[PDB]
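So this first bit is one chain, no partners, the form deposited without the RNA, shown in structure tokens.
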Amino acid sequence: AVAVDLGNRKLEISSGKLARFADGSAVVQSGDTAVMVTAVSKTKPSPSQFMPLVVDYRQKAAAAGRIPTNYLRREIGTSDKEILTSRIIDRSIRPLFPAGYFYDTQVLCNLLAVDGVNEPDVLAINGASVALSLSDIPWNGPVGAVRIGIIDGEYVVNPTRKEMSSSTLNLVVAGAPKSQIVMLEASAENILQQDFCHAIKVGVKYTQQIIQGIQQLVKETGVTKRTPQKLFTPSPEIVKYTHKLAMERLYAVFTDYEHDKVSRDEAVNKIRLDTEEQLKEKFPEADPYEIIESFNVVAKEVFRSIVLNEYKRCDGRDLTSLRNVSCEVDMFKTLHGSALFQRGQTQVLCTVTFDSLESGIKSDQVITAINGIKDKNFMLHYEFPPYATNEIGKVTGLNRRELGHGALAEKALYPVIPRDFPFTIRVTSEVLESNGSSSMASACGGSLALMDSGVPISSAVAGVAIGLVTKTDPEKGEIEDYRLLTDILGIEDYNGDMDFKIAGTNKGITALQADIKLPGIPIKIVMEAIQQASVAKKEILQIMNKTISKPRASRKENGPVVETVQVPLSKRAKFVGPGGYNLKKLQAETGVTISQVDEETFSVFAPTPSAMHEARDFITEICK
């Protein structure tokens, strides 16, 4: 039992009492909130040639707060914010696993108790760090996680629920030993860059205090790590031979600036087929997968050597050069708002829909105290269809990535959404083509569609993703020199070291999500990434402003119409029908929804004026 003091807060870490069967287990308590995290890793290598790691964060201690009816129904009971928390924990611990650790691993977080004051999400990240540190699962170094808020100008570590309601910043920092950064997740209320950077500095300092506390617990316990029967990394002598066979062929492909996404991939795969052939007879005893990963190591190394040595990219861009950006608005007449944003070979179509404020809400499956009500009556739905990458996939449900990307784009656009808007705003972003940051293009395209729909947003929001290529020595593991890339392609994200997605208006920052694939990066690189992204964001906003610079003076004339109709007490029963039958039928046949305002007035909402006059005669016949 170790206590770590974080300012006025206290973090208690325990182990050895609950779930002694699991490979690692820990209980993290802050105030009267306790989170229990376990880690399990199979000793038999998985058939798949990657690291299968699943993180699941649940609130099963309340039985989901209700009684879901069926097994299939239970596949939806998992809350949205529980999926988002699992994604944050996953990105905090994934980079620290050893390379070639192809073993099925599961990290489970169980909310023992919640006091409604201390947020359990930050405790879950620390619990995952302690559980892996105390387990025999090889995992490099503990990580500490804190949430930084800005309340009336002060910087608060791990703010309570009440403090978060008055904070202009919601930043979560995961830090590795010697002040490295492994995860960043922020949601700011259009705050200045300097204020944002200072909060990262304060947060990283606090995570180091957690790391030394966890390190004290590890020494007291006496953790011993397992020896995996095989770490699946290509032997250096086969990688070296692959380098000889494909160095020049791969270099020519990557220095050819005429390639597009498909042409470059076909060119690389054409080399892969030729090299993987001769590699087989030279090394007959090599594993079939080992040959594939040997080529992927060489192709990645050649790709990184070009940008490091020559300060040029595979499509001829310089380090700070954007892709071609084109925008359109109002492409379909019947949509309330529409925009088509293209960034290189990434294409996103954004739609805006309006609805009643009281629409939704009456859903009965409120497993928590969670219903259709959002903070500003604003939500963003993100969809990534399989044809965006010329792929085949089922369209049943939203996977974790689509739900995570939608929340990120929603965070980016949230601070500029107005209050007291008469309608519920829903923005739908559909990725038609994907070669880059469709997540950030949903913020730019969503911004354009919001102005095109006539929503009076305070400012336009643009996002961009910053990549990173580093040179790291094998004797120390320190970063010697590095390059930051503006508006990375898909191959630069795949062969890079991070996907630093950051969005905001022309004067401030609204959202950030850093997905670092390295085992930590210095704070210096993070500060420069925010600055480099600031210049790119201004350039994107200038292109967007040419297409549309301000919201339209009014909504489209073919949009929703809201007004009241009177029904006296005498004719109330016939109008609503037996048990509200007539109103329910009207909502079924036509989209018109009728709600009771006062004892004698009903508010009629019609999604289109065409659907309005259709239901106008329906209430006329009822009124007889």
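Shifts are known only where both forms have a C-alpha. Residues carry their position along the shown sequence, with the first being 1. Throughout, rigid core stands for the largest set of C-alpha atoms superposing within 1.5 Å between the two forms.
Same protein, other form: the form deposited with the RNA bound, not shown, and the subject of what follows.
Contact with the RNA in the entry with it bound, judged by any heavy atom within 4.5 Å, is made by just one of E539, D493, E430, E293: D493. Contact annotation: of the candidates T389, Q216, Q208, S263, the single residue with a non-hydrogen atom within 4.5 angstroms of the RNA in the entry with it bound is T389.
Using a 4.5 Å heavy atom cutoff, none of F196, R317 and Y482 lies near the RNA in the entry with it bound. Note on the interface: of 363 to 371, 142 to 150, 170 to 178, 84 to 92, the segment with non-hydrogen atoms within 4.5 angstroms of the RNA in the entry with it bound is 84 to 92.
By the criterion of a heavy atom within 4.5 Å, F384 is counted among the residues contacting the RNA in the entry with it bound.
In the entry with it bound, at least one heavy atom of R272 sits within 4.5 Å of a heavy atom of the RNA. Looking at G436, you'd find a heavy atom of it within 4.5 angstroms of the RNA in the entry with it bound.
The shortest heavy atom separation between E119 and the RNA in the entry with it bound exceeds 4.5 Å.
Residues are counted as partner-facing when one of their heavy atoms sits within 4.5 Å of the RNA in the entry with it bound; in 50 to 70 these are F50, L53, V54, in sequence order. Superposed on the rigid core, the two forms differ between the shown form and the other one by 2 Å or more at the C-alpha of one listed residue only; from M527, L432, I292, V366 that residue is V366. Core-superposed comparison between the shown form and the other one: the CA of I67 exceeds or equals a 2 Å shift. Once the rigid core is overlaid between the shown form and the other one, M247 does not reach a Cα shift of 2 Å, moving by less than that. Relative to the superposed rigid core, the position of the CA of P551 differs between the shown form and the other one by less than 2 Å. Whereas the shown form places them at one spacing, the Cα atoms of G372 and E82 lie at least 3 Å closer in the entry with it bound.
In contrast to the form presented, in the entry with it bound the C-alpha positions of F21 and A63 spread farther apart by 3 Å or more.
60 to 77, 362 to 373 are the runs of three or more consecutive shared residues whose C-alphas all shift by 2 Å or more between the shown form and the other one after the rigid core is superposed.
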